[PDB]
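The same protein chain appears twice below, in two forms, each given on its own as structure tokens and labelled structure 1 and structure 2.
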Structure 1
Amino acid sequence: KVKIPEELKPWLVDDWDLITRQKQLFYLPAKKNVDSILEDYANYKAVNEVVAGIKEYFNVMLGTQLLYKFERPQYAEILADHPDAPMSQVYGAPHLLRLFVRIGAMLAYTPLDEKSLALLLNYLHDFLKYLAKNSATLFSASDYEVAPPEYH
């Protein structure tokens, strides 16, 4: 399985709290989108294959599996404008994190080639360890804003 770093669990709750309880939304478009984040993990240092896979799944799974019910309308709006715009360019770090908790199953045929699964698993965990190390800069309530009384 994909173990989430302990250091990142509290953020997972704060993320859920900001959206779900405080009725706030992550600032869209993102100032530090998924693309940017993946590009930095890459340069830091195949990785290319890893970064592409993460992006593709994110682009498919956001909108379908990574949004809380309170964020749907906000999502409908970004699409309302550009229905073909990439999601990995609009959203940021918190949503990228959500992917890893909703990917443990979305990594589906891999269990077949146990040797590859291990490898891939190794890279996902390392990337996760990367996010964990940089939590300070990546996950912050500063990137969230209260939703307009209209949004409701």
Structure 2
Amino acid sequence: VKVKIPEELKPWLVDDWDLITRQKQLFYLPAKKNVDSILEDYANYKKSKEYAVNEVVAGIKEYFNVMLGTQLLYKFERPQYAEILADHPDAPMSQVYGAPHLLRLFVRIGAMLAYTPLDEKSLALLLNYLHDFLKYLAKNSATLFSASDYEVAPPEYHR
């Protein structure tokens, strides 16, 4: 299953990779604009088919809350993540993390979607809703994705 990352958002994925991997920066946690807020904003943008949009939002939340700590983190981010778990247990990841990591989710979710118990028509509907949400992210890219949400990791972090 091929999920299509909007062409406008790929330079931001490059920037995210640069900030985390080269410049050794970290996204501000807890996120000031968390994944829950973004999903709520999208659900409200759609209702301005309601049960369908809410199902997509719930599914994105579930997949993110399973995948954030497993597949959505650069290695340099692992300590911070552990820190978060220590500081705010029982807080779901959709409440702690923000837009860059939710975007990272769609780079890897397509591999998982091939094992969902849906037929061809429903899988096409799901891909439709997912690409709709992705272009919603692309429309609001100016407010959602920004290097100003990243900060230099302190020397304490590097050990």
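Start at 1 and count along the sequence of structure 1; that gives the residue numbers used here. Only the largest set of C-alpha atoms that superpose within 1.5 Å between the two forms is called the rigid core.
Candidate set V60, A105, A118, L112; criterion, C-alpha shift of 2 Å or more between structure 1 and structure 2 after rigid-core fit; matching residue, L112. Relative to the superposed core, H82 has its Cα moved 2.9 Å between structure 1 and structure 2. Lined up on the core, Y27 has its CA atom moved by 0.1 Å between structure 1 and structure 2.
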